[PDB]
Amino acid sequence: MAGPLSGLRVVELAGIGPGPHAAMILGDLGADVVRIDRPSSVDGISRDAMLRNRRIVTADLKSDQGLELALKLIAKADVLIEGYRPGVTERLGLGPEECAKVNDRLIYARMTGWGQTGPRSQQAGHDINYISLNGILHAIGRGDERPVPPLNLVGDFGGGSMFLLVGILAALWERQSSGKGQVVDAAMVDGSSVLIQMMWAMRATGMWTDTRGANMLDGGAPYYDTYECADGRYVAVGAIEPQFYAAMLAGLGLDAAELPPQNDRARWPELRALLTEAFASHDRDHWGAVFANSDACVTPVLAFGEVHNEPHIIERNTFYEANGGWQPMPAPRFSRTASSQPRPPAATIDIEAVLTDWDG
């Protein structure tokens, strides 16, 4: 199996959102990932490409046989991933204490939203709920409108799965010293708060307000925002540093002498009006050509459907084709032990067959 995590053995108690995304990435990087779903499920081969780089098995964990077969897998594995409410694995007999008794090298990885304790620990939730409580959702969107969810990118994945991964991998480094596994408690409400640590830092030094749409990085700055072009499509501008901003102005055809200062916030309305009129005078693909190879920090805002035609995306092989649809290649990249293309979702496998393969 190709990639730096070759040899790593992972058991995933099937769930939704972050836990499968973490499991996918370990698979992506060469880990041997075995996914236990319930049998009331899997109608053949999955169409869900997030379940790539997996072996799927089924098992009623409520039954005695199911539980015993699960515990045999966990006994021979490096990592367990579960993302059910706190208490579910305990009551099923697969809690950390029970797993510790059959394999004290195990990394026991618990993926939740609210965490393992506290008043909300049993409420159902999704990404939008977890980022609503820690101040993040309130900060996203235009000032004159209600907050808008940044898909499920910030809570599920960026503040969820990715912190789960860092915990798993940090714990595996620690196990090199101690010879011992441990519990990783990854909560989306905590992870996402660390993801936005910058804003908490800037807020302490008066460089970030709670007012939505009135900061440097939320769309409030005329030089960090999107602009509509002549054709109704968009470019993005990210010209924070004065030398990049000057390059953008020159490319737009505006003399610095006619505009207000870049960071005179009281004249941002005027500046936005000027940039708006200038970007609106040609189409997105015009601006893309003008600004290619420049430090102006102006790029076209591509729709998913157009991404496959962008030279820089093509050349670095950011995507691969699979089942009438492009998919992202593994990230990040490794000089010596490169990842390979992902394997598609396979037909279910028998759980004894895995135990035998794992040397049993």
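One rule holds for the numbers: they count along the sequence shown, beginning at 1.
S.K.: Check whether residue 42 has no coordinates in at least a third of the other compared PDB entries of this protein, counting only entries that model residues on both sides of it.
M.R.: Other entries vs residue 42: at least a third skip it.
S.K.: May I ask you to compare 320 to 328 and 29 to 37 by their mean CA B factor in the entry and name the higher one?
M.R.: Higher of the two, by average CA B-factor, is 320 to 328.
S.K.: If you average the Cα B factors in the entry, which is higher, 129 to 137 or 88 to 96?
M.R.: The deposited B-factors put 88 to 96 ahead on the C-alpha mean.
S.K.: Which one of 298, 70, 302, 313 shows the top CA temperature factor in the record?
M.R.: Out of 298, 70, 302, 313, the record gives the largest C-alpha B-factor to 70.
S.K.: Per the entry's values, where does residue 20 land by CA temperature factor relative to the rest of its chain, in the lowest, middle or highest third?
M.R.: Its C-alpha B-factor, which the entry lists for residue 20, ranks in the lowest third among residues of this chain.
S.K.: Grab the CA temperature factor for residue 101 from the record and place it in the lowest, middle or highest third of its chain.
M.R.: It falls in the top third of the chain.
S.K.: Comparing residue 120 with the other modelled residues of its chain, is its CA B-factor in the lowest, middle or highest third?
M.R.: Lowest third of the chain for residue 120's C-alpha B-factor.
S.K.: Would the CA B-factor of residue 197 place it in the lowest, middle or highest third of its chain?
M.R.: Its C-alpha B-factor, which the entry lists for residue 197, ranks in the middle third among residues of this chain.
S.K.: Of the three thirds of its chain by CA temperature factor, lowest, middle or highest, which one includes residue 205?
M.R.: Highest third.
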